[PDB]
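*Asks:* Sequence and experimental coordinates follow.
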Amino acid sequence: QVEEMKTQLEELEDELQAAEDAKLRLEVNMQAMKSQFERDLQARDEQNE
Amino acid sequence: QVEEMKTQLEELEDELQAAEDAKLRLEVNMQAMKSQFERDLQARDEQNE
Amino acid sequence: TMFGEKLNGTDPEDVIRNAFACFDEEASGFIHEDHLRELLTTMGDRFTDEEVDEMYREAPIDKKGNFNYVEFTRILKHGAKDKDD
Amino acid sequence: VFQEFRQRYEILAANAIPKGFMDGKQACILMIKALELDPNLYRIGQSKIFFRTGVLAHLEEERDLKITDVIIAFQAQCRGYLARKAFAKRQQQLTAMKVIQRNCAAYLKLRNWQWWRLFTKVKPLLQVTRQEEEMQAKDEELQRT
Amino acid sequence: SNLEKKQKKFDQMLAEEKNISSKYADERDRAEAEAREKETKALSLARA
Amino acid sequence: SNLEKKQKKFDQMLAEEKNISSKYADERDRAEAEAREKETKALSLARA
Amino acid sequence: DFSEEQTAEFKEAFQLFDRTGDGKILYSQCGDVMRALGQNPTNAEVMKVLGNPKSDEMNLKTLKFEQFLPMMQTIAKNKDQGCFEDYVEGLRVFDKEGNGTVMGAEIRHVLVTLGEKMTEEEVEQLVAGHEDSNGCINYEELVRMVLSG
């Protein structure tokens, strides 16, 4: 029982660390790509200008 | 100790449902990424118009 | 498994590259030495700048204070190595 | 100017005077009796009213006295909004960046020479990854063609 | 003369402001009192 | 002479400032209550 | 006081504002964090908090997390609560033609005529958030945006 419970310990801790870190950094990338999209917006804006 | 590890196992179960909550947040984040993808598509169509 | 115990709390180059793109908008990798130390040693988990200096005496920092990251990311991963035997 | 006169002076004391209706001279007369100032300090006209030097020196500061509470409250709301936005963005950025990157940096720097030798036998990794790397690069160059 | 009209309206403001300032003093004295009893009872029960 | 009467009105300004001094006494009283509330917070942490 | 959730929020802000030593808190730091944590009124509360107009030493303005908690309560008793009707009427009085043709210059003028002013980079920063054109807003959109935090 203690073997299996610490097995779930390791498995769930590793999976939660990976998933949450990827999620937070993927929202960081979300903001970054939104920023690049808005730079392309100002590029089209200056072409129109 | 038997009830001590029983209580610890219940806590591990609770953080397990926390793990499926993190998974659900994974799906909501991915659908949000696709959603903003079509929002950007509509935005560029707006600038073309 | 004795390599398996050697890998934890790390991720491939993509996420580090994305983060380095995030923190400075220019993404040119001009991490100024004062800016680098301020962003690294000061906030977050407190640790000593003296042990931070291992990133200075060993890792190749670019001149005039700025610090490139793409070569740094490559050497952190298996992509690049400082020297060869 | 008449319209400028309204926009500059009636903004001080417009309530307790009937409003809405428009008339060239009549509205000016109502505004004058609302100010109950000297007829000797100006002369009436059809387009513009010409005053003397000292009339402006006692009317502007009333706006400063009155609009003070409103501007204080509005700038307080603006400062609060700015503080919330900057604080939230800051804190989320510092958490993500510093936590993740200091964790990775510590893990690599402790293991930069904890197992240096075994990290130096990674030379044949480049040789053995060449087939997969070449196949992949072939794929992306095919899509770039 | 407009200072004189200011004088009379200022005298009425003198009266009304004396009244309102006395009211402020009264209400703040009531507030300081009720606060004093509040902390006295809180500290007494806490120390007991 | 009317300005001397204004100076009498300024003596009444002094009177309202005495009232404001009463509010100032209220200010020290509320500051003491505030400090005692800080002491009560530390005390309540000790109770927890 | 509420449950320990607000104490936990104050604790995580305490470890968040840990520069130059986590333990000590600057009154500037505590004021900023309390404002951002949902309390608009911050202008004249320095005298109502410190009890001393002393604002000369930036390095050491003593404050501790212990007495910090009642300070938050005596601020959060909401000594002032305004609503947009006064704000919009003041701006429409400040308005010129009832629609806001070009409001950019005069808003800067009215904010630089006030004695208690602190920043100009925020003055140039306010353009963000739908305040992009030459004062195109009739102030309703910006009031709605600011009253959302």
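*Replies:* Perfect, I can see it now. Residues are numbered from 1 along each chain as shown, chains lettered A, B, ... in the order given.

*Asks:* Check the gap between the one residue in chain E that gets nearest to chain A and residue F:41 for me.
*Replies:* Among the residues of chain E, residue E:46 lies nearest to chain A; the distance is 42.9 Å by Cβ to the nearest Cβ. For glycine as for every other residue, the C-beta is placed from the backbone atoms N, C-alpha and C. For residue E:46, the distance to residue F:41 equals 11 Å [Cβ to Cβ, to the nearest Å].

*Asks:* anything in contact with each of the two?
*Replies:* When contacts are counted by Cβ atoms under 8 Å, 6 or more residues apart in numbering or on different chains, residue E:46 and residue F:41 have no shared neighbour.

*Asks:* More neighbours: which of the two?
*Replies:* Between residue E:46 and residue F:41, counted using other Cβ atoms under 10 Å in any protein chain shown, residue F:41 has the larger neighbour count: 18 against 14.

*Asks:* Make sure the more buried one is indeed in a helix.
*Replies:* Yes. The assignment for residue F:41 (DSSP: H, G, I helix; E, B strand; the rest coil) places it in a helix.

*Asks:* Just confirm it contacts residue G:66, I think it does.
*Replies:* Yes. Look at residue F:41 against residue G:66 with Cβ atoms under 8 Å: they come within range, at 6.3 Å.

*Asks:* and whichever strand or helix holds residue A:22, how far from the chain's centre?
*Replies:* Assigned by DSSP states H and E, residue A:22 falls within helix A:2-48. A distance of 0 Å separates the centroid of the chain from that of helix A:2-48, by Cα atoms, centre = their mean, to the nearest Å.

*Asks:* close to chain G, is that helix?
*Replies:* No. Judged by Cβ under 8 Å from any Cβ of the partner chain, helix A:2-48 makes no contact with chain G; its nearest approach is 11.1 Å.

*Asks:* Check which helices and strands that helix sits against.
*Replies:* When contacts are defined as 3 or more Cβ pairs under 8 Å, 6 or more residues apart in numbering or on different chains; DSSP states H and E, helix A:2-48 packs onto helix B:2-48, helix C:13-23, helix D:68-114.

*Asks:* interface residues of chain D facing chain A?
*Replies:* Residues of chain D lying near chain A by Cβ under 8 Å from any Cβ: D:96, D:100.

*Asks:* Nearest to chain G: which residue in chain D?
*Replies:* Chain G sits closest to residue D:70 of chain D, with a gap of 3.5 Å, by Cβ to the nearest Cβ.

*Asks:* Show the contacting residues for that residue.
*Replies:* Residue D:70 makes contact with G:86-87, G:89-90 under the criterion Cβ under 8 Å, 6+ apart.

*Asks:* One more: residue C:48?
*Replies:* Contact analysis of residue C:48 by Cβ under 8 Å, 6+ apart lists residue C:41.

*Asks:* Show me which residues of chain D are close to chain C?
*Replies:* For chain D, the residues found near chain C under the criterion Cβ under 8 Å from any Cβ are D:93-94, D:96-109, D:111-112, D:114-115, D:118, D:120, D:122-123, D:125-126.

*Asks:* From those residues, list just the buried residues.
*Replies:* Using 16 or more other Cβ atoms under 10 Å in any protein chain shown as the burial test, those include D:96-98, D:100-105, D:107-109, D:111-112 as buried.

*Asks:* where's the closest residue to residue D:115 other than its chain neighbours relative to residue F:8, distance?
*Replies:* In this structure, residue D:115 finds its nearest non-sequential neighbour in residue C:6, 5.9 Å apart by Cβ to Cβ, 6 or more residues apart in numbering or on different chains. Distance, residue C:6 to residue F:8, using Cβ to Cβ: 91 Å.

*Asks:* And the contacts of residue D:70, which two are furthest apart?
*Replies:* Within those, two members stand farthest from each other by Cβ to Cβ: G:87 and G:89, at 7.4 Å.

*Asks:* more crowded one of the two?
*Replies:* Per other Cβ under 10 Å, whichever of residue G:87 and residue G:89 has more neighbours is residue G:87, with 19 against 11.

*Asks:* Contacts only, for that one.
*Replies:* Listed by Cβ under 8 Å, 6+ apart, the contact partners of residue G:87 are D:70, D:73-74, D:77, G:143.

*Asks:* what sits up against stretch D:121-130?
*Replies:* So stretch D:121-130 is in contact with C:78, C:84-85, going by Cβ under 8 Å, 6+ apart.

*Asks:* Can you add secondary structure and give those back as a markdown table?
*Replies:* What follows is the contacts of stretch D:121-130, written out as a markdown table (three-state DSSP):
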| residue | secondary structure |
| --- | --- |
| C:78 | coil |
| C:84 | coil |
| C:85 | coil |
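
*Asks:* ranking these by neighbours, who comes first?
*Replies:* Each of the contacts of stretch D:121-130 was scored for neighbours by other Cβ under 10 Å, and residue C:78 scores highest at 14 neighbours.

*Asks:* related to what we said a few turns ago, tell me which of the contacts of residue D:70 is nearest to residue F:35?
*Replies:* Closest to residue F:35 out of these is residue G:86 (35.2 Å), distances taken as Cβ to Cβ.

*Asks:* what angle do the helix or strand that contains the closest one and helix D:68-114 make?
*Replies:* Take DSSP H and E as the rule and residue G:86 turns out to sit in helix G:84-94. Taking axes from the mean of the first three to the mean of the last three Cα atoms, to 10 degrees, helix G:84-94 and helix D:68-114 form an angle of 110 degrees between their directions.

*Asks:* any idea how far the residue in chain G that chain A sits nearest to lies from residue A:21?
*Replies:* Closest residue of chain G to chain A, Cβ to the nearest Cβ: residue G:132 (11.1 Å). Using Cβ to Cβ, residue G:132 is found at 36 Å from residue A:21.

*Asks:* for chain F, what are the nearby residues on chain G?
*Replies:* G:51, G:66-67, G:69-71, G:74.

*Asks:* Out of the residues you listed, the closest to residue F:2 would be?
*Replies:* Nearest to residue F:2 among the residues of chain G next to chain F is residue G:51, at 41.8 Å by Cβ to Cβ.

*Asks:* The closest one: how many residues sit nearby?
*Replies:* Residue G:51 has 15 neighbours, counted by other Cβ under 10 Å.

*Asks:* ok, now residue A:33?
*Replies:* The burial count for residue A:33: 16, using other Cβ under 10 Å.

*Asks:* circling back to that earlier point, can you tell me which of the helices and strands packed on helix A:2-48 comes nearest to residue D:31?
*Replies:* Minimum separation from residue D:31 across those (Cβ to Cβ) falls at helix D:68-114, 22.6 Å.

*Asks:* what about the helices in chain E?
*Replies:* Along chain E, counting by DSSP state H, helices occupy E:2-47.

*Asks:* Residue numbers of it in contact with chain C?
*Replies:* Listed as neighbours of chain C in chain E under the rule Cβ under 8 Å from any Cβ: no residues.

*Asks:* And the residue of chain E closest to chain C?
*Replies:* Nearest to chain C in chain E, going by Cβ to the nearest Cβ, is residue E:46, at a distance of 36.5 Å.

*Asks:* Any residues of chain D in contact with chain F? List them.
*Replies:* Residues of chain D lying near chain F (Cβ under 8 Å from any Cβ): none found.

*Asks:* Closest residue of chain D to chain A?
*Replies:* residue D:96 (5.1 Å).

*Asks:* Does that residue touch residue A:28 like I think?
*Replies:* Yes. The pair residue D:96 / residue A:28 is scored as a contact, 5.8 Å apart, by Cβ under 8 Å.

*Asks:* any shared contact partners between those two?
*Replies:* Common contacts of residue D:96 and residue A:28 (Cβ under 8 Å, 6+ apart): residue C:19.
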